[PDB]
Protein chains: 4
Amino acid sequence: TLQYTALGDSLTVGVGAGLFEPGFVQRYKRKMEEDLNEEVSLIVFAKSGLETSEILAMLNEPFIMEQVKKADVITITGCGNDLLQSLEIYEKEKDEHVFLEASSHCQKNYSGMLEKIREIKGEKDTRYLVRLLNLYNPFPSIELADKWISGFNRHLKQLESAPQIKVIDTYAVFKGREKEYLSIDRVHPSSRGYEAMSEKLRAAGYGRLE
Amino acid sequence: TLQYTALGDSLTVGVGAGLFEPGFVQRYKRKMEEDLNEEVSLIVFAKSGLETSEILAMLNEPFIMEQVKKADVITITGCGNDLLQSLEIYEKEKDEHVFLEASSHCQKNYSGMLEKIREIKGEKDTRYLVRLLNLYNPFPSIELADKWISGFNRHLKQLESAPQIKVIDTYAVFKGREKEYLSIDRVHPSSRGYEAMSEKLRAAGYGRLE
Amino acid sequence: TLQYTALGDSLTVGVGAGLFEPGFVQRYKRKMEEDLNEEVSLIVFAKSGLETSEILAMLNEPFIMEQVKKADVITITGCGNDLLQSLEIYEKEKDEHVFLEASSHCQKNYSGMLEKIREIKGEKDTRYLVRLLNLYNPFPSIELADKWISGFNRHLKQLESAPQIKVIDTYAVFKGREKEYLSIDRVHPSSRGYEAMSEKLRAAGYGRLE
Amino acid sequence: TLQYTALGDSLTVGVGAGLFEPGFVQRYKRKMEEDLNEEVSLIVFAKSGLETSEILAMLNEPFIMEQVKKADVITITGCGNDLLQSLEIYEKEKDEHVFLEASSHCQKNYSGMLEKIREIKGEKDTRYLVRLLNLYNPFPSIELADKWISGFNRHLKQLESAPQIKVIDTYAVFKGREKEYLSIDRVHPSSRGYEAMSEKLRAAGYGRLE
Ligand SMILES: [Cl-]
Ligand SMILES: [Cl-]
Ligand SMILES: [Cl-]
Ligand SMILES: [Cl-]
């Protein structure tokens with residue numbers, strides 16, 4: 001029996017697809033049982049607007065680190081709402097320089113996240129799997145958003161240690177397919193976009209699990 | 001690998017124990033694994049304020065019907081918020097019938113969702129298990145609250161068909177220990193209360209599954 | 001010194017205006033000190049996607065009901081995210097009949113809310129103020145959303161007991177002014193829309209506070 | 001009516017005490033009212049993962065500068081998440097300098113935001129009050145964590161100019177009682193810890209305001 005532990009923000013919750021409609025987490029689970037030919041047990045820890053610094057603190061909670069210790073695959077979303085609130089400050093004040101440090105403060109919390117996972121798993125374990133999803137651009141017309149999200153994904157890929165730690169290219173999934181993959185709120189993906197996300201996670205492979 | 005689906009309101013969510021702290025559904029999942037020596041996959045469809053009629057309407061959702069059909073164990077919570085609404089309506093109108101009519105709707109929806117669960121599974125799989133929890137009285141000093149909830153619970157026990165279908169006596173778990181088993185809002189359970197609820201579920205046995 | 005206690009969901013938080021940019025709560029506070037010519041102390045209890053059933057439970061928390069007992073003005077937002085998730089289920093399944101009971105289950109939680117406020121305030125108090133904001137339509141093109149939101153506001157106005165309890169016509173504030181008052185997410189209001197909201201709350205008057 | 005503004009990270013938010021449960025800033029507000037016999041208006045600008053450089057950049061925001069200029073009491077928290085990031089970086093690289101460089105940036109930003117607060121108010125109003133809290137050691141069994149935080153605290157005490165500016169010894173409050181003063185995540189305080197923090201602030205006095 002495989003163990004999938006999913007963490008993140010409004011994307012891991014499934015916001016945009018509707019209440020109880022399967023998001024990317026549930027669909028990536030289905031593609032796991034089909035590929036690896038084994039039943040997988042899922043558990044989710046997510047909240048809209050959940051910060052990355054909070055996740056690094058959560059991993060000390062006994063019930064959470066228990067799920068991480070036995071987790072065969074781990075997915076992490078985050079920082080999507082940090083750039084949104086930053087753009088909204090730019091939308092009101094028209095200043096390109098805002099106190100956002102999404103690239104600076106989120107990326108450093110990510111590397112500390114991965115290290116805490118390593119401590120819980122134990123250095124002897126080489127079998128587990130971690131998959132970080134970068135950010136898509138929901139506002140292609142706004143050039144400043146495309147500059148911020150591209151800069152965050154450029155610095156996020158540096159944390160990849162294939163094939164255990166892989167950064168999923170969520171940006172390329174949504175590039176040129178915004179209106180088809182986004183919900184009516186246009187900031188969270190549709191049920192179609194969550195399906196394409198799960199396919200990109202499947203494209204990353206499963207390392208030594210096979 | 002066993003599949004355990006859980007439906008209901010804030011209790012199935014785990015409100016009161018703290019964010020990401022395990023509620024009763026995952027403490028019951030761990031004990032289920034311990035008592036049957038088999039890993040368990042958990043799926044949860046729950047939201048605060050989800051009344052019993054909505055929970056019945058969920059069973060026609062294609063994705064929810066998928067997880068209910070595969071479920072070896074099903075837990076259902078509900079009608080707790082109707083008591084809070086009725087106590088506030090009684091405070092203004094002093095009509096003792098307002099809750100009996102609302103309690104009559106819950107008992108009808110419980111019987112409705114029960115009839116749909118067997119319509120979903122059919123006659124081949126009678127090995128399924130349903131454990132629905134009755135209502136506890138969070139206000140023991142209010143006799144009308146105790147009388148109202150006691151009447152709903154004796155009418156709810158009519159639905160029991162042991163060992164396949166069992167009605168969990170949540171009222172007996174909480175009676176006398178509302179100070180330590182309820183959370184800060186005096187209506188939702190604490191981690192102690194959720195732990196005691198999961199103990200009552202494990203005590204009910206597992207029927208044909210063991 | 002006046003006391004303003006604000007409750008609600010993502011609107012009371014100020015989502016859409018940016019991080020720390022003043023939403024309608026902060027701007028309605030400013031217009032209170034200008035009109036009533038007295039300093040007002042503000043305290044907020046809000047969370048994105050916060051259910052109305054949770055608010056009715058929150059009012060039993062000792063720290064919350066203390067702020068309500070001394071509150072001169074009280075604002076309540078809610079249920080805006082319940083219709084959003086319902087439309088999103090309709091967007092995927094194309095069924096007009098969904099398990100949403102926003103009009104049915106949210107409105108009944110509202111009347112129980114107002115009664116609990118009355119119990120905390122005491123029946124002798126006639127001076128306090130409560131202001132409920134109805135829902136605006138962020139999707140004017142979608143006709144089903146305009147039908148649902150209009151039906152919710154029609155049943156919500158029935159709870160008005162002027163001038164203590166007033167239902168703010170948030171719908172008319174945004175009607176014909178969507179792109180100007182909405183944030184880039186198009187589901188939460190811009191800093192302009194939060195300003196117009198505060199002006200509508202000011203239009204409701206202040207009852208006996210004057 | 002006194003105006004009390006509060007800036008910082010998750011501590012100023014109140015993370016760990018439970019949702020909507022009072023953190024240290026509102027327990028300190030109640031004691032401030034009790035010790036000075038005057039109502040207090042509270043404004044809070046805080047978010048999880050808000051590092052010290054961002055808090056300094058906030059002081060140029062027009063709305064934040066408004067509340068800081070009117071503030072009779074200002075509390076600042078920060079640099080707590082840098083310790084968590086540094087401990088994870090040290091776990092991989094074993095460089096003892098990684099935190100001293102990060103601790104040097106916090107002490108610089110604290111001095112920076114202090115210099116801006118007087119630039120915001122000027123020379124007319126020297127009756128303002130600033131209480132900044134140092135870091136506690138949530139991991140007492142790690143000597144490197146205790147040594148790192150002790151060094152940051154003695155360098156932080158250089159900024160004290162009593163009674164106007166005071167550095168609150170949060171370390172002494174938590175030392176020896178990390179089991180009961182920390183929350184479930186072993187890093188954020190509990191309601192007991194937040195209560196003890198507010199007691200330490202009231203013990204510091206109020207300078208020229210009393
Ligand atoms: Cl298997
Ligand atoms: Cl509920
Ligand atoms: Cl005054
Ligand atoms: Cl933080």
# chains A, B, ... in the order shown; residues from 1 in each chain; ligands from 1
call {"tool": "residues_near_ligand", "arguments": {"ligand": "ligand 1", "cutoff": "7 Å", "atoms": "only C-alpha atoms and all ligand atoms", "output": "PyMOL selection string"}}
result
(chain A and resi 1+38-39) or (chain B and resi 1)
call {"tool": "write_last_selection", "arguments": {"atoms": "N, CA and C atoms", "output": "PDB file, in the first residue's frame"}}
result
ATOM      1  N   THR A   1       0.825  -1.202   0.000  1.00  0.00           N
ATOM      2  CA  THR A   1       0.000   0.000   0.000  1.00  0.00           C
ATOM      3  C   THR A   1       0.863   1.257   0.000  1.00  0.00           C
ATOM      4  N   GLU A  38      -0.839  -0.227  -7.623  1.00  0.00           N
ATOM      5  CA  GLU A  38      -0.952  -0.474  -6.195  1.00  0.00           C
ATOM      6  C   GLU A  38      -1.861   0.584  -5.586  1.00  0.00           C
ATOM      7  N   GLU A  39      -2.666   0.172  -4.610  1.00  0.00           N
ATOM      8  CA  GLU A  39      -3.538   1.106  -3.916  1.00  0.00           C
ATOM      9  C   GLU A  39      -2.708   2.091  -3.102  1.00  0.00           C
TER      10      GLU A  39
ATOM     11  N   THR B   1      -5.811  -3.525   1.212  1.00  0.00           N
ATOM     12  CA  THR B   1      -6.025  -2.111   1.501  1.00  0.00           C
ATOM     13  C   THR B   1      -7.512  -1.789   1.611  1.00  0.00           C
TER      14      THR B   1
END
call {"tool": "residues_around", "arguments": {"residues": "region 86-93 of chain B", "least_positions_apart": "3", "cutoff": "7 Å", "atoms": "only C-alpha atoms", "output": "VMD selection string"}}
result
(chain B and resid 82 to 83 96 98 to 99) or (chain C and resid 112 115 to 116)
call {"tool": "interface_residues", "arguments": {"of": "chain B", "to": "chain A", "cutoff": "8 Å", "atoms": "only C-alpha atoms", "output": "PDB file with C-alpha atoms, in the first residue's frame"}}
result
ATOM      1  CA  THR B   1      -6.025  -2.111   1.501  1.00  0.00           C
ATOM      2  CA  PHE B  20      -4.391  20.071  10.927  1.00  0.00           C
ATOM      3  CA  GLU B  21      -4.736  18.273  14.263  1.00  0.00           C
ATOM      4  CA  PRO B  22      -6.384  14.857  13.798  1.00  0.00           C
ATOM      5  CA  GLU B  39      -3.595  -0.211   5.831  1.00  0.00           C
ATOM      6  CA  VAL B  40      -6.595   2.057   5.244  1.00  0.00           C
ATOM      7  CA  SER B  41      -7.151   4.688   2.557  1.00  0.00           C
ATOM      8  CA  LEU B  42      -9.222   7.662   3.721  1.00  0.00           C
ATOM      9  CA  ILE B  43     -11.438  10.012   1.706  1.00  0.00           C
ATOM     10  CA  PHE B  45     -16.257  14.838   2.040  1.00  0.00           C
ATOM     11  CA  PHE B  63     -17.053  11.182  -7.822  1.00  0.00           C
ATOM     12  CA  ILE B  64     -18.697  10.794  -4.412  1.00  0.00           C
TER      13      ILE B  64
END
call {"tool": "residues_near_ligand", "arguments": {"ligand": "ligand 2", "cutoff": "12 Å", "atoms": "only C-alpha atoms and all ligand atoms", "output": "PyMOL selection string"}}
result
(chain B and resi 7-16+46-52+54-55+77-85+135+187-189) or (chain C and resi 50-58+105-106+109)
call {"tool": "residues_around", "arguments": {"residues": "residue 131 (chain A)", "least_positions_apart": "5", "cutoff": "9 Å", "atoms": "only C-alpha atoms", "output": "PyMOL selection string"}}
result
chain A and resi 73-77+164-168+201+204
call {"tool": "write_last_selection", "arguments": {"atoms": "N, CA, C and O atoms", "output": "short mmCIF file (atom, residue, chain, number, x, y, z; two decimals), in the first residue's frame"}}
result
data_model
loop_
_atom_site.label_atom_id
_atom_site.label_comp_id
_atom_site.auth_asym_id
_atom_site.auth_seq_id
_atom_site.Cartn_x
_atom_site.Cartn_y
_atom_site.Cartn_z
N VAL A 73 5.11 9.46 -1.64
CA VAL A 73 5.15 10.63 -2.51
C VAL A 73 4.64 11.83 -1.73
O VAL A 73 3.71 11.70 -0.92
N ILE A 74 5.26 12.99 -1.95
CA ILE A 74 4.88 14.23 -1.29
C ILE A 74 4.78 15.33 -2.33
O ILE A 74 5.71 15.52 -3.13
N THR A 75 3.66 16.04 -2.34
CA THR A 75 3.47 17.19 -3.21
C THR A 75 3.34 18.46 -2.38
O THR A 75 2.77 18.44 -1.29
N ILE A 76 3.89 19.55 -2.90
CA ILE A 76 3.90 20.83 -2.19
C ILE A 76 3.54 21.93 -3.17
O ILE A 76 4.25 22.15 -4.15
N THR A 77 2.44 22.63 -2.90
CA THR A 77 2.12 23.89 -3.56
C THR A 77 2.29 25.02 -2.56
O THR A 77 2.34 24.81 -1.34
N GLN A 164 14.36 12.20 -7.01
CA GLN A 164 13.62 12.31 -5.75
C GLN A 164 12.89 13.64 -5.66
O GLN A 164 11.66 13.68 -5.52
N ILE A 165 13.63 14.74 -5.74
CA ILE A 165 13.06 16.08 -5.68
C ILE A 165 12.97 16.63 -7.10
O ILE A 165 14.00 16.81 -7.76
N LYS A 166 11.75 16.88 -7.57
CA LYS A 166 11.53 17.45 -8.89
C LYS A 166 10.60 18.64 -8.79
O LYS A 166 9.62 18.62 -8.03
N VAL A 167 10.90 19.69 -9.55
CA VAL A 167 10.06 20.87 -9.64
C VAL A 167 9.17 20.73 -10.87
O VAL A 167 9.67 20.69 -12.00
N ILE A 168 7.87 20.64 -10.65
CA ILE A 168 6.91 20.47 -11.74
C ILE A 168 6.73 21.79 -12.47
O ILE A 168 6.58 22.84 -11.84
N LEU A 201 2.50 15.98 -13.23
CA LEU A 201 3.10 15.24 -12.13
C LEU A 201 3.41 13.80 -12.54
O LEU A 201 4.44 13.24 -12.15
N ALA A 204 6.65 13.44 -14.51
CA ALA A 204 7.89 13.54 -13.77
C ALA A 204 8.48 12.18 -13.41
O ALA A 204 9.64 12.12 -13.00
#
call {"tool": "residues_around", "arguments": {"residues": "residue 146 (chain D)", "least_positions_apart": "3", "cutoff": "12 Å", "atoms": "only C-alpha atoms", "output": "VMD selection string"}}
result
chain D and resid 83 87 135 to 143 149 to 153 171 to 172 175
call {"tool": "write_last_selection", "arguments": {"atoms": "N, CA, C and O atoms", "output": "JSON list (two decimals), in the first residue's frame"}}
result
[["chain", "number", "residue", "atom", "x", "y", "z"],
["D", 83, "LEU", "N", 15.62, 31.89, 12.24],
["D", 83, "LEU", "CA", 16.25, 30.85, 13.06],
["D", 83, "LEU", "C", 15.89, 29.47, 12.54],
["D", 83, "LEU", "O", 16.76, 28.59, 12.46],
["D", 87, "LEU", "N", 18.67, 26.89, 11.11],
["D", 87, "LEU", "CA", 18.89, 25.57, 11.69],
["D", 87, "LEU", "C", 18.83, 24.48, 10.64],
["D", 87, "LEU", "O", 19.56, 23.49, 10.73],
["D", 135, "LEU", "N", 13.96, 37.00, 20.78],
["D", 135, "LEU", "CA", 13.64, 35.64, 20.37],
["D", 135, "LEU", "C", 13.78, 34.68, 21.54],
["D", 135, "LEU", "O", 14.72, 34.78, 22.34],
["D", 136, "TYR", "N", 12.84, 33.75, 21.64],
["D", 136, "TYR", "CA", 12.94, 32.63, 22.57],
["D", 136, "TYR", "C", 13.51, 31.42, 21.85],
["D", 136, "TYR", "O", 13.49, 31.33, 20.62],
["D", 137, "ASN", "N", 14.03, 30.47, 22.63],
["D", 137, "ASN", "CA", 14.60, 29.26, 22.06],
["D", 137, "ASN", "C", 13.60, 28.13, 22.17],
["D", 137, "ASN", "O", 13.43, 27.55, 23.26],
["D", 138, "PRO", "N", 12.91, 27.76, 21.08],
["D", 138, "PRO", "CA", 11.93, 26.66, 21.17],
["D", 138, "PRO", "C", 12.57, 25.29, 21.27],
["D", 138, "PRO", "O", 11.87, 24.32, 21.58],
["D", 139, "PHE", "N", 13.88, 25.17, 21.01],
["D", 139, "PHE", "CA", 14.59, 23.90, 21.07],
["D", 139, "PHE", "C", 15.68, 24.00, 22.12],
["D", 139, "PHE", "O", 16.86, 24.23, 21.80],
["D", 140, "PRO", "N", 15.34, 23.82, 23.40],
["D", 140, "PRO", "CA", 16.34, 23.98, 24.47],
["D", 140, "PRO", "C", 17.40, 22.90, 24.47],
["D", 140, "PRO", "O", 18.51, 23.14, 24.97],
["D", 141, "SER", "N", 17.11, 21.71, 23.93],
["D", 141, "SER", "CA", 18.10, 20.64, 23.90],
["D", 141, "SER", "C", 19.18, 20.85, 22.85],
["D", 141, "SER", "O", 20.16, 20.10, 22.84],
["D", 142, "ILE", "N", 19.02, 21.83, 21.97],
["D", 142, "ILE", "CA", 20.01, 22.15, 20.95],
["D", 142, "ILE", "C", 20.83, 23.33, 21.45],
["D", 142, "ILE", "O", 20.34, 24.46, 21.49],
["D", 143, "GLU", "N", 22.08, 23.08, 21.83],
["D", 143, "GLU", "CA", 22.92, 24.14, 22.37],
["D", 143, "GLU", "C", 23.21, 25.21, 21.32],
["D", 143, "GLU", "O", 23.30, 26.40, 21.64],
["D", 149, "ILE", "N", 20.57, 32.19, 19.57],
["D", 149, "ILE", "CA", 19.52, 33.11, 19.98],
["D", 149, "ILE", "C", 20.00, 34.02, 21.11],
["D", 149, "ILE", "O", 19.62, 35.19, 21.18],
["D", 150, "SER", "N", 20.85, 33.50, 22.00],
["D", 150, "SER", "CA", 21.40, 34.34, 23.05],
["D", 150, "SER", "C", 22.27, 35.45, 22.48],
["D", 150, "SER", "O", 22.26, 36.58, 22.97],
["D", 151, "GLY", "N", 23.04, 35.14, 21.43],
["D", 151, "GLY", "CA", 23.88, 36.16, 20.82],
["D", 151, "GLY", "C", 23.06, 37.24, 20.12],
["D", 151, "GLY", "O", 23.41, 38.42, 20.18],
["D", 152, "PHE", "N", 21.97, 36.84, 19.47],
["D", 152, "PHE", "CA", 21.10, 37.82, 18.83],
["D", 152, "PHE", "C", 20.41, 38.70, 19.86],
["D", 152, "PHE", "O", 20.12, 39.87, 19.59],
["D", 153, "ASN", "N", 20.15, 38.17, 21.06],
["D", 153, "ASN", "CA", 19.42, 38.93, 22.07],
["D", 153, "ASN", "C", 20.31, 39.95, 22.77],
["D", 153, "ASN", "O", 19.85, 41.06, 23.07],
["D", 171, "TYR", "N", 12.91, 35.58, 25.90],
["D", 171, "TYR", "CA", 13.70, 34.39, 26.17],
["D", 171, "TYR", "C", 13.54, 33.93, 27.61],
["D", 171, "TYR", "O", 13.34, 32.74, 27.89],
["D", 172, "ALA", "N", 13.61, 34.88, 28.56],
["D", 172, "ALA", "CA", 13.47, 34.53, 29.97],
["D", 172, "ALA", "C", 12.06, 34.04, 30.29],
["D", 172, "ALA", "O", 11.88, 33.24, 31.22],
["D", 175, "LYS", "N", 12.07, 30.25, 28.88],
["D", 175, "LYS", "CA", 13.12, 29.31, 29.27],
["D", 175, "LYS", "C", 12.65, 28.44, 30.43],
["D", 175, "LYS", "O", 12.25, 28.96, 31.48]]
call {"tool": "select_by_dssp", "arguments": {"residues": "region 126-201 of chain D", "states": "alpha helix (DSSP H)", "output": "compact mmCIF listing (two decimals) with C-alpha atoms, in the first residue's frame"}}
result
# COMPACT_ATOMS: atom_id res chain seq x y z
CA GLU D 143 22.92 24.14 22.37
CA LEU D 144 23.64 25.78 19.01
CA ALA D 145 20.07 27.09 18.92
CA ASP D 146 20.47 28.48 22.44
CA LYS D 147 23.86 30.03 21.66
CA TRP D 148 22.61 31.56 18.40
CA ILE D 149 19.52 33.11 19.98
CA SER D 150 21.40 34.34 23.05
CA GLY D 151 23.88 36.16 20.82
CA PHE D 152 21.10 37.82 18.83
CA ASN D 153 19.42 38.93 22.07
CA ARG D 154 22.46 40.59 23.65
CA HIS D 155 23.10 42.42 20.36
CA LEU D 156 19.41 43.36 20.29
CA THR D 170 10.84 36.86 25.70
CA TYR D 171 13.70 34.39 26.17
CA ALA D 172 13.47 34.53 29.97
CA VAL D 173 9.69 34.07 29.78
CA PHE D 174 9.93 30.82 27.81
CA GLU D 178 8.74 25.31 26.59
CA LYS D 179 6.47 22.31 27.21
CA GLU D 180 3.48 24.41 28.29
CA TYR D 181 4.23 27.76 26.61
CA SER D 191 -2.32 30.58 24.81
CA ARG D 192 -0.30 30.14 28.01
CA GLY D 193 2.80 31.39 26.20
CA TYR D 194 0.98 34.36 24.69
CA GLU D 195 -0.51 35.16 28.10
CA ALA D 196 2.95 35.10 29.68
CA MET D 197 4.28 37.31 26.87
CA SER D 198 1.59 39.91 27.52
CA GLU D 199 2.45 39.85 31.24
CA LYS D 200 6.08 40.64 30.38
CA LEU D 201 4.93 43.63 28.31
call {"tool": "select_by_dssp", "arguments": {"residues": "chain B", "states": "strand (DSSP E or B)", "output": "JSON, numbers by chain"}}
result
{"B": [2, 3, 4, 5, 6, 7, 8, 40, 41, 42, 43, 44, 45, 46, 73, 74, 75, 76, 129, 130, 131, 132, 133, 161, 165, 166, 167, 168, 182, 189]}
call {"tool": "closest_residue", "arguments": {"among": "C:126, C:28, C:183, C:33", "to": "ligand 3", "atoms": "only C-alpha atoms and all ligand atoms"}}
result
C:33
call {"tool": "atom_distance", "arguments": {"atom1": "CA of residue 130 (chain C)", "atom2": "CA of residue 94 (chain B)"}}
result
23.7 Å
call {"tool": "residues_around", "arguments": {"residues": "residue 208 (chain B)", "least_positions_apart": "2", "cutoff": "7 Å", "atoms": "only C-alpha atoms", "output": "PyMOL selection string"}}
result
chain B and resi 127+206+210
